[PDB]
Amino acid sequence: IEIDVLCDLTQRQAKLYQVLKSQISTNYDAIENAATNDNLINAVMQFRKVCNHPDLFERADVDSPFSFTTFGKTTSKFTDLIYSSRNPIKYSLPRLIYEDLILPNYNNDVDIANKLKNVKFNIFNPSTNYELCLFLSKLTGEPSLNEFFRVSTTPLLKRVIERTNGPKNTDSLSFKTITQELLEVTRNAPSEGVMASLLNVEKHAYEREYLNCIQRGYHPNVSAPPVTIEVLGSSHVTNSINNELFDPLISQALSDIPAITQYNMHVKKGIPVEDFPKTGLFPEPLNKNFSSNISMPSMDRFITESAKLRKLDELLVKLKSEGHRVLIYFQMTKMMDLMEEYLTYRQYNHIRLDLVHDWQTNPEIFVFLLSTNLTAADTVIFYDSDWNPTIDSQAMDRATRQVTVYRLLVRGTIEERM
Amino acid sequence: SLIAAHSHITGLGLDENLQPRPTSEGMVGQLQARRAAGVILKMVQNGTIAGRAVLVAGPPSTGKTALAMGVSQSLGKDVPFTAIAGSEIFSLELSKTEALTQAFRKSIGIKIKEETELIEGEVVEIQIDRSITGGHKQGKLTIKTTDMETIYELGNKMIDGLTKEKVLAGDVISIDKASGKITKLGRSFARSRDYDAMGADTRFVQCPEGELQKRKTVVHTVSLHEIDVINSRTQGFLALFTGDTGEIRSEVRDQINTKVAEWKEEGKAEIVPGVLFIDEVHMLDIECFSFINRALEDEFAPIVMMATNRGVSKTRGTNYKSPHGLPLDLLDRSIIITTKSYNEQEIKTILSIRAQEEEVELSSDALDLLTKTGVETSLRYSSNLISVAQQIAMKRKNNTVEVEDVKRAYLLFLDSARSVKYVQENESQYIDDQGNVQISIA
Amino acid sequence: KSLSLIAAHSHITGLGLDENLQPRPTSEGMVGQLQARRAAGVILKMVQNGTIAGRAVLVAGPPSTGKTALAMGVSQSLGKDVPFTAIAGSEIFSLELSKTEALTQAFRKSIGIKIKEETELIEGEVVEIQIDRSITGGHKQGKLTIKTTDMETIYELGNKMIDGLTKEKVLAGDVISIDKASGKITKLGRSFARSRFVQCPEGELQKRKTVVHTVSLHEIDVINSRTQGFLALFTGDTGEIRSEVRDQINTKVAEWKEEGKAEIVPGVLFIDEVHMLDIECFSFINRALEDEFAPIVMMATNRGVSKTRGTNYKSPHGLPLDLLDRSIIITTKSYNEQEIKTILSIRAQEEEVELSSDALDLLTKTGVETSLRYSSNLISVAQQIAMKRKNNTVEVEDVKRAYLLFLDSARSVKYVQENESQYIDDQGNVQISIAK
Amino acid sequence: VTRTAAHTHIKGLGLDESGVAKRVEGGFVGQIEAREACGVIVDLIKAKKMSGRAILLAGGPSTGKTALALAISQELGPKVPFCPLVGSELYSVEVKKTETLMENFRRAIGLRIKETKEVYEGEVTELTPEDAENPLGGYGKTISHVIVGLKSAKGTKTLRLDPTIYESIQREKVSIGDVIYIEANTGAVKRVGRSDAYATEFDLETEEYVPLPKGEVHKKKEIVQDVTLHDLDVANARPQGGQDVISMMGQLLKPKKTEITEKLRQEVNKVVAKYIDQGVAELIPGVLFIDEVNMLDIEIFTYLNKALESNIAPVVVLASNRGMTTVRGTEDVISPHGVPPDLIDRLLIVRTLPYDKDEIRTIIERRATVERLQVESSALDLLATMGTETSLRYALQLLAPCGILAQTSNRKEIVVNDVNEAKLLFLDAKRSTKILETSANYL
Amino acid sequence: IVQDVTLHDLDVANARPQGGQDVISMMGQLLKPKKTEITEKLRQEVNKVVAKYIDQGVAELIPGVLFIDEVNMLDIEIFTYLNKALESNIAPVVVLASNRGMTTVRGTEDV
Amino acid sequence: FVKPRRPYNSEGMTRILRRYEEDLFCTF
Ligand SMILES: Nc1ncnc2c1ncn2[C@@H]1O[C@H](COP(=O)(O)OP(=O)(O)O)[C@@H](O)[C@H]1O
Ligand SMILES: Nc1ncnc2c1ncn2[C@@H]1O[C@H](COP(=O)(O)OP(=O)(O)O)[C@@H](O)[C@H]1O
Ligand SMILES: Nc1ncnc2c1ncn2[C@@H]1O[C@H](COP(=O)(O)OP(=O)(O)O)[C@@H](O)[C@H]1O
């Protein structure tokens with residue numbers, strides 16, 4: 001009763017198989033011949049390591065982008081973890097260009113020209129151009145005539161952040177479009193309304209195609225912070241760069257306040273809600289899985305990445321249902337440790353090579369791990385199958401019930417020719 | 001719905017031995033092209049091979065797009081059928097190769113297996129804890145059936161779906177755990193004290209019995225382009241609707257291909273290829289043909305079907321004339337289906353089927369005169385005259401089209417050939433190619 | 001530093017010239033072309049003197065006769081701290097910049113400003129760090145013991161230096177550099193105590209080092225234009241910088257030169273295949289050379305009496321006569337057998353290929369018959385044929401094998417004209433079938 | 001079972017240890033001298049010493065040039081970067097074509113870096129922020145520090161954080177009872193999922209439940225990364241991956257190709273050289289393949305003559321099917337293979353010869369057994385005669401309609417009558433052209 | 001209340017994101033409203049929800065007239081798209097007017 | 001044995017209670 005099981009190579013297994021084939025520069029015939037005969041033994045050791053499980057050649061770990069950073073690292077009742085990520089590329093700037101081009105001093109006219117261009121010759125100034133402001137307020141409906149001067153002299157992101165939907169007067173030239181009228185009705189509207197359902201195509205398409213349980217397929221290769229500009233001998237440059245890189249208004253806008261801090265500010269300090277800094281302006285990700293570029297190792301890919309381990313996982317269910325006692329045979333101890341941790345993940349009753357009579361007396365133990373008298377075994381399994389009859393004969397010798405052997409084989413490798 | 005040009009074609013009209021019937025599924029005649037299209041249909045249904053180019057060639061008004069819609073209707077649901085014309089590739093924000101790549105990737109369906117859990121019951125208590133500004137939300141939901149009771153924990157999306165279509169402690173809801181859907185089925189408690197700010201007249205449903213939580217396997221088909229657009233940037237799901245997918249990088253596509261092969265290896269997903277149909281394929285540049293010649297050799301390539309009505313004419317982007325308007329490299333890797341002109345009985349059967357589709361009753365002699373004018377002129381003109389003759393007969397208050405109605409319709413509305421004849425005797429009235437026209441009548 | 005495999009001009013380290021500007025027969029990787037090398041040496045002394053501005057020099061000749069080699073010799077003879085910009089003619093036809101704006105940016109990348117400044121820094125090996133914190137951490141006190149090979153000191157620290165030492169975690173035995181005025185601390189590495197590795201610093205702890213900067217005028221133009229930051233120098237989105245900020249930068253640079261805070265270091269712009277520009281670009285180049293802040297433009301072309309782009313007439317060198325009237329012309333000449341063999345031997349020495357004498361004669365003969373580049377291409381593909389048979393020296397049979405396997409211009413042309421029905425012609429006609 | 005598309009019966013060049021090409025090996029039939037030349041090119045790429053070496057594969061249609069390109073790619077292996085490209089792909093509406101060519105040039109270069117990572121990880125036990133003195137002061141944040149307590153197997157660590165890390169922590173939406181993972185290199189936080197130490201069956205958010213992480217909370221681990229130089233250039237041109245505002249908003253803006261400057265590429269080269277000099281990184285040069293190079297115009301060719309002379313350029317393989325044709329972008333220049341003579345002098349040309357009847361017959365044999373089909377001998381002779389009469393590709397594609405027509409008659413074997421029926425149903429270029437010439441109204 | 005809208009209004013209302021608190025939406029509200037390529041997917045979902053509520057009796061579809069004047073100015077690519085787009089289920093009637101006689105079609109040299 | 005439920009912490013947060021007979025809304 002000899003049964004042979006064939007399983008096709010996986011994608012990662014074929015990848016390191018092709019890497020090992022291309023590494024030794026096309027001498028696969030002698031590799032196969034003197035692998036069948038049993039230096040070159042260290043060459044074929046990697047081949048059987050890849051054919052057993054891909055973690056022996058290279059252990060899978062956390063999948064993250066490459067960090068293109070120079071940060072504060074350790075060379076080895078609390079600890080401080082402070083943000084210190086920088087860029088390896090440095091742009092060096094002399095002090096003279098800063099002090100004579102960007103900073104005001106007594107011998108240059110930065111602030112004078114700034115005032116002349118931005119306040120005095122601004123055409124939205126009500127001190128000189130009141131008629132244009134009155135015309136624009138009849139056009140737009142703004143209750144204040146200084147709104148246009150304020151809008152024309154502030155940056156765009158700040159204008160997005162502190163924008164408040166204040167009331168405007170009816171007697172003006174501004175309108176409500178039918179698109180905006182359709183938008184405003186269905187803001188809080190429930191389901192099963194006709195207008196609400198005609199205006200909610202995207203959410204129905206989201207919930208129909210199950211998009212909150214999909215997995216992320218792409219992550220970037222390199223992640224890199226902005227290029228660090230240094231100026232030797234200037235605290236002003238450092239303060240300006242820290243203000244630009246970590247602007248408190250936009251950083252608060254893209255985050256939120258903790259709830260207990262909101263309680264302490266509203267009640268214990270008497271700050272009204274309208275005086276809170278504006279928060280919660282970051283867009284929501286598609287899923288929970290789409291929020292970061294770091295993927296953790298999972299114990300579902302570990303089974304599938306080896307064809308032998310996947311086929312043995314499928315084969316073990318039937319032997320568990322039929323209630324036998326299975327013997328698994330090996331050639332190395334690294335795969336012994338890997339199968340031990342796999343079995344503890346699956347929580348099967350197993351023992352590892354005073355144990356003999358414990359194996360015969362107790363029928364609760366299911367898998368025995370052995371390395372190349374156990375009369376209580378019913379099924380013996382060759383994982384690293386070798387067709388030397390000297391080892392196979394004694395392995396079946398140490399094994400009243402029906403005895404079935406199983407050999408796990410991989411198509412298109414050294415073992416298939418073996 | 002409304003009546004279109006190919007509303008009468010539902011299938012290809014073939015037997016179990018891929019043999020065409022003379023009159024089946026709205027298709028009459030064209031036996032060899034229908035048999036070849038059935039072979040292409042079985043080739044798509046097997047799903048074994050990739051990147052085959054099929055060319056459909058013939059004179060105008062022969063049944064090219066009719067064959068394409070027959071293939072699409074016999075292809076069934078959940079298999080993608082992308083139909084584009086030749087002029088949609090030219091875009092101001094996408095290159096021609098990027099547009100063709102997206103058209104290739106829209107025709108490959110990924111069918112994903114998903115394990116979900118369903119919860120239906122009566123709501124007993126809802127507790128919602130929010131922050132002062134209202135950003136952070138958390139809470140608990142107490143749901144019950146006849147036999148069971150379980151206090152759950154809610155997160156932000158659940159409270160957002162609970163506040164929308166408000167449930168009020170006695171409504172019966174159904175929760176889908178993987179799609180995140182809250183569906184209100186009715187109300188069973190019949191609360192006496194109702195502070196009526198609303199005009200709700202909610203249904204009286206029974207309280208459900210049995211298990212509160214039930215597992216269910218679902219399947220849904222997604223396209224390769226949709227996965228690429230979702231994974232390209234932060235808000236790509238919007239760009240699936242606005243078309244703001246500007247030149248997706250190649251690295252995204254390599255990682256998506258590797259992950260799709262990985263999902264096939266675990267049995268989570270499978271690849272369902274389809275048909276890309278390019279109508280009027282002579283309206284493509286030589287660069288598009290050079291891209292298609294090497295895009296047909298990929299693992300993820302659909303079956304490309306092209307339709308052409310053109311002879312030995314000039315290839316666009318070049319200065320030479322080629323057969324079918326296509327260069328010989330593209331014609332080397334394509335198999336050509338040739339479609340032939342019609343007899344008079346096929347024209348009569350076409351007109352009878354198109355009259356039956358429009359729910360318009362025709363007399364015998366009206367059918368013979370429409371057949372005669374569809375033989376002398378083109379078939380599409382005689383098909384267009386039917387609704388006009390029906391409205392003319394409806395003006396006289398009788399529900400049958402006679403010879404007088406179709407004669408009036410022929411007199412009122414002109415052909416192509418009569419228009420050429422009328423223009424050629426009155427060339428002074430119309431503006432010529434040199435810009436000269438006599439407007440004065442004397 | 002400066003990772004590089006092997007390039008085609010990797011053997012040229014400069015112009016081989018004496019103190020009287022006379023060319024040696026072989027020096028610094030350059031053989032032959034004595035008059036062209038003398039003219040390029042005069043142009044190099046013209047650049048080094050720096051008293052003249054905006055003069056155009058054209059290098060013209062037959063293909064594969066040492067023109068880009070002459071440009072590389074000039075660029076290597078200039079060395080560092082002098083700007084050398086090399087663009088092709090097709091690099092200015094952009095979608096977000098106009099042609100004259102791209103040419104202006106290329107012109108202004110070739111002029112530098114030299115500024116010398118002194119900054120005081122502290123570098124040494126950390127011996128012991130003591131930091132005391134309170135219950136709430138409001139006030140922190142600390143001491144730092146640091147040393148060199150000549151002195152040791154102890155420093156009382158303030159709060160912000162304590163915060164800058166806690167961030168960027170510094171332990172004992174680390175070599176650090178501290179800038180007091182900016183608060184920037186960089187870990188150079190770890191010292192020689194195994195129990196990256198650098199040596200302990202020597203000399204004074206407190207040192208003043210003078211650093212020489214060289215900033216191009218394009219960089220000051222991008223920085224002074226407030227519409228974009230310095231990140232456009234790396235990302236490449238400047239987007240048609242206005243002229244007015246260029247006048248302010250020019251006036252400020254003249255003021256800094258008069259006051260003595262800076263000096264102008266002019267450089268060289270090299271345009272290769274200059275015949276591929278348009279007539280508008282030539283008209284702009286005609287007037288961009290008459291500015292005080294203009295570099296010396298070296299242009300290379302190989303065409304002769306061809307069509308000027310954007311026009312419908314033909315001109316010498318592909319350039320209009322107004323541009324040729326503003327230029328002095330260096331002419332390169334075709335090579336001899338001895339110069340071809342010397343170039344092949346230098347190239348083979350640079351690729352670490354050992355050649356026999358007879359293989360060198362066969363390569364010289366097939367270089368005279370066909371091309372210099374073809375023999376230089378065969379000289380490195382014959383080494384793999386030699387190493388396939390497990391020998392070191394490349395012999396005649398390997399050269400014959402490489403000549404048989406890889407074709408040149410004339411043999412491929414002959415095979416195309418003798419088998420023209422198997423290829424696709426100008427009319428799009430081909431015959432792919434074998435029979436009939 | 002498996003899917004095939006015009007390839008995948010080719011597994012390599014099929015050479016010996018001496019470089020001699022066997023006649024029928026590796027899925028290749030014939031083309032012996034071309035296979036030997038491509039093997040020498042493969043050894044030259046493996047030597048890792050030269051830059052900017054260009055070859056051209058010249059031949060007619062259906063002669064085995066793309067097959068040779070994928071054979072070179074399979075001989076070099078998955079470690080060496082291979083960048084396939086059609087000549088129509090260089091024409092982008094976002095950036096100029098010169099930048100697209102240089103982007104592909106940098107994409108054909110590999111780099112293997114051994115990078116160390118500082119990792120804090122564990123299950124969140126406490127989450128307590130401490131408040132600032134004046135929250136509405138304009139300058140400064142609402143909080144000062146946040147105390148996070150992490151526990152793991154044989155360990156418990158208490159962390160005091162700056163606000164910038166805690167913004168990322170709360171952007172990942174952590175809670176008490178969550179297993180998190182903090183990267184100290186960039187400040188990135190990954191929330192793994194709920195801990196299994198509490199109950200599982202009381203949620204509604206399809207979450208995944210992870211055990212307590214092994215080892216200490218603070219770790220240093222080594223990760224081998226495989227990047228290209230284009231990835232470094234793109235990541236530095238449009239910065240993301242920092243917690244500062246400009247990288248924080250770079251993720252939300254719509255991406256766009258820009259013209260990367262030479263200064264950024266020089267600085268990236270300097271950083272990579274400093275990595276290589278410390279024994280951390282290793283350079284893997286690769287191959288760029290440009291199929292249908294006759295679709296390029298004179299500007300991209302003229303830029304190729306400058307981009308080939310760099311000291312970091314890859315090996316670029318070109319392919320053409322042109323006789324003595326005019327180059328695009330010109331009016332009177334006529335050159336071999338549609339490639340201008342200033343570039344041909346820098347190439348090494350490899351000829352690719354047509355086939356014979358026996359080679360066509362055995363190519364049909366391997367394409368039949370790869371597609372899992374069984375053919376009679378007489379049908380094989382008829383298919384070979386068709387392949388000589390019309391085209392090899394037409395005889396190659398007609399196999400699957402023959403298989404469908406054989407399966408529809410409850411049969412496995414392909415016979416002569418199936419090939420004749422597929423002859424009648426499907427046409428080739430010559431028969432369709434003959435119908436076009438003798439036709440009434442432009443058929 | 002009876003409210004009358006066209007199908008293009010439904011398309012452009014569904015395409016743009018609704019009232020949201022993210023910086024992208026309010027950032028784009030203050031910028032130039034650039035036209036964008038609305039996909040066939042969105043039009044298909046709009047068509048099926050419109051048909052679903054028409055089958056309930058709530059909605060009614062009113063087809064209309066699209067009038068193009070001087071159709072000789074159209075290129076042959078737009079004519080090819082008209083050939084494709086007249087095959088739709090939801091298409092209106094289209095009226096064209098021309099005054100030319102025998103004239104070359106724009107975009108071609110010999111027709 | 002039965003695993004303990006996850007700790008619930010709602011400090012400084014409003015509450016909305018919805019029962020059969022009465023709805024509350026606790027505010028600060
Ligand atoms: N065999 C057929 N069965 C059903 N309808 C047909 C058939 N042949 C033509 N028609 C009708 O004739 C019209 C022309 O079809 P079309 O595909 O446009 O022809 P062509 O391939 O020449 O462009 C279509 O509206 C179609 O409804
Ligand atoms: N005088 C010379 N000395 C050394 N090498 C030379 C000389 N002339 C040409 N070469 C070499 O010949 C090769 C091709 O010449 P190149 O300068 O590219 O031709 P062109 O003058 O057309 O640019 C280059 O690699 C170059 O190094
Ligand atoms: N020497 C060969 N051995 C086996 N199959 C070949 C050979 N040459 C070509 N083929 C097959 O012929 C088809 C056309 O070859 P391909 O190389 O793609 O075209 P071209 O020669 O024009 O580049 C391919 O599908 C390929 O599988």
Side-chain angles (χ1 to χ4, degrees), chain A residues 67-76 80-95 224-235 237-239 241-242 245, chain C residues 1 117-122 124-127 129 131 142 144-149 153 155 157-158 160-167 169-193 196-211 213, chain D residues 115-116 118 184-187 236 242 244 267 270-275 277-278 280:
Chain A
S67 288
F68 200 68
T69 46
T70 84
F71 75 107
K73 71 206 314 311
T74 322
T75 326
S76 184
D80 279 64
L81 151 69
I82 319 174
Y83 181 80
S84 77
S85 309
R86 287 159 324 238
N87 199 282
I89 306 174
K90 282 180 217 300
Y91 181 50
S92 181
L93 208 79
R95 275 196 305 277
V227 177
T228 69
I229 294 169
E230 86 159 302
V231 170
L232 295 174
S234 178
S235 60
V237 165
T238 313
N239 290 43
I241 272 154
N242 267 90
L245 276 176
Chain C
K1 311 175 183 179
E117 59 190 22
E118 332 167 38
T119 321
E120 188 105 48
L121 317 150
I122 288 170
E125 169 165 30
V126 167
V127 174
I129 297 207
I131 284 165
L144 166 63
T145 320
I146 215 183
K147 82 169 187 292
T148 64
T149 72
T153 191
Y155 279 146
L157 305 162
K160 296 178 71 175
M161 186 78 11
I162 276 164
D163 270 347
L165 255 70
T166 301
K167 189 173 82 76
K169 308 174 173 63
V170 166
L171 317 166
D174 282 330
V175 182
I176 56 164
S177 147
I178 307 164
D179 195 342
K180 287 169 44 59
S182 67
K184 204 33 182 206
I185 313 172
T186 88
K187 281 184 285 184
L188 310 182
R190 207 145 218 271
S191 182
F192 283 149
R196 300 321 100 233
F197 273 60
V198 293
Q199 296 179 357
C200 182
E202 323 164 8
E204 302 289 332
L205 247 179
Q206 201 220 10
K207 247 154 207 191
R208 326 185 47 52
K209 296 217 307 320
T210 303
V211 152
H213 280 92
Chain D
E115 142 172 274
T116 206
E118 284 201 0
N185 312 79
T186 45
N236 276 255
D244 59 272
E267 293 292 330
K270 270 217 297 144
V271 174
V272 165
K274 204 94 64 53
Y275 276 155
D277 217 65
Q278 303 279 349
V280 163

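Chain identifiers are assigned alphabetically (A, B, ...) following the order of the sequence lines, protein sequences preceding nucleic acid strands; residue numbering begins at 1 within each chain. Side chains included, hydrogens not; waters and symmetry mates left out as well; all remaining heavy atoms used.
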Which residues pass the salt bridge (charged side-chain N to carboxylate O under 4.0 Å, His left out) test with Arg208(C), sequence neighbours left out?
-> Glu118(C), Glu120(C)
Partner residues of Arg190(C) under the salt bridge (charged side-chain N to carboxylate O under 4.0 Å, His left out) criterion, sequence neighbours left out = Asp174(C)
Mind checking the CZ-CG spacing from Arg196(C) to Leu188(C)? Nearest 0.5 Å is all I need.
-> 13.5 Å
Of all residues at least two apart in sequence or in a different chain, which pass the side chain to side chain contact (heavy atoms under 4.5 Å, CB included) check with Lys90(A)?
-> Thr228(A), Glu230(A)
Can you see which heavy atom on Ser191(C) is nearest to which on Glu125(C), and at what distance?
-> CB-OE2, 3.3 Å
Might you point out which heavy atoms bring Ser85(A) and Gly187(D) nearest each other, and give the distance in Å?
-> OG-N, 4.2 Å
Decide yes or no on side-chain contact (heavy atoms from CB on, under 4.5 Å) for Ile185(C) and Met161(C), but give the supporting numbers first.
-> CA-CA 10 Å; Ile185(C) 313 172; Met161(C) 186 78 11; 4.1 Å; yes
Nearest-0.5 Å distance that lies between atom OG1 in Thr70(A) and atom NZ in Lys187(C) | 9.5 Å
Does any N or O in the side chain of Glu117(C) come within less than 3.5 Å of the main-chain N or O of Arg95(A), such that one atom is a donor and the other an acceptor?
-> yes
Atom of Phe68(A), atom of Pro88(A) and distance for their closest heavy-atom approach = O-CD, 3.3 Å
Side chains of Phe192(C) and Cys200(C): closer than 4.5 Å at any heavy-atom pair?
-> no
Start with the C-alpha distance between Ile176(C) and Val126(C), add both sets of side-chain angles, then the distance that settles side-chain contact (heavy atoms from CB on, under 4.5 Å), and finish with yes or no.
-> CA-CA 7 Å; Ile176(C) 56 164; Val126(C) 167; 3.8 Å; yes
To the nearest 0.5 angstrom, please state how far the NZ atom of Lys169(C) sits from the CD1 atom of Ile129(C).
-> 13.0 Å
Taking side chain to side chain contact (heavy atoms under 4.5 Å, CB included) as the test, write out the residues that go with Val198(C), two or more places apart.
-> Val175(C)
Mind running side-chain contact (heavy atoms from CB on, under 4.5 Å) on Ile82(A) and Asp163(C) for me, showing each step along the way?
-> CA-CA 10 Å; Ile82(A) 319 174; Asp163(C) 270 347; 5.7 Å; no
So how far is it from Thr186(D) OG1 to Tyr83(A) OH, rounded to the nearest 0.5 Å?
-> 7.5 Å
What are the two closest heavy atoms between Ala224(A) and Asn236(D), and how far apart are they?
-> CB-ND2, 3.8 Å
Can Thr116(D) and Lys73(A) be said to form a side-chain contact (heavy atoms from CB on, under 4.5 Å), step by step?
-> CA-CA 10 Å; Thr116(D) 206; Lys73(A) 71 206 314 311; 3.4 Å; yes
Atom of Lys207(C), atom of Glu204(C) and distance for their closest heavy-atom approach = CE-O, 3.4 Å
Set of side chain to side chain donor-acceptor pair (under 3.5 Å) partners for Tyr275(D), sequence neighbours left out | none
Qualifying residues under side chain to side chain donor-acceptor pair (under 3.5 Å), relative to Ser92(A), sequence neighbours excluded = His213(C)
With sequence neighbours excluded, tell me which residues meet side chain to side chain contact (heavy atoms under 4.5 Å, CB included) with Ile241(A).
-> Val237(A), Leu245(A)
Pairwise distance CD1(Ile146(C)) to CD1(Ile122(C)) - rounded to 0.5 angstrom = 7.0 Å
Residues at least two apart in sequence or cross-chain that pass side chain to side chain contact (heavy atoms under 4.5 Å, CB included) with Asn242(A), listed by chain then number, are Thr238(A), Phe246(A)
The salt bridge (charged side-chain N to carboxylate O under 4.0 Å, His left out) partners of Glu118(D) (sequence neighbours excluded) come to none
Shortest non-hydrogen pair, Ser182(C) vs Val231(A), comes out as CB-O, 4.4 Å
Please name all residues satisfying side chain to side chain donor-acceptor pair (under 3.5 Å) with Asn185(D), sequence neighbours left out, ordered by chain then number.
-> none
Distance in Å, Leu121(C) CG paired with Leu205(C) CG, rounded so as to fall on 0.5 Å steps = 11.5 Å
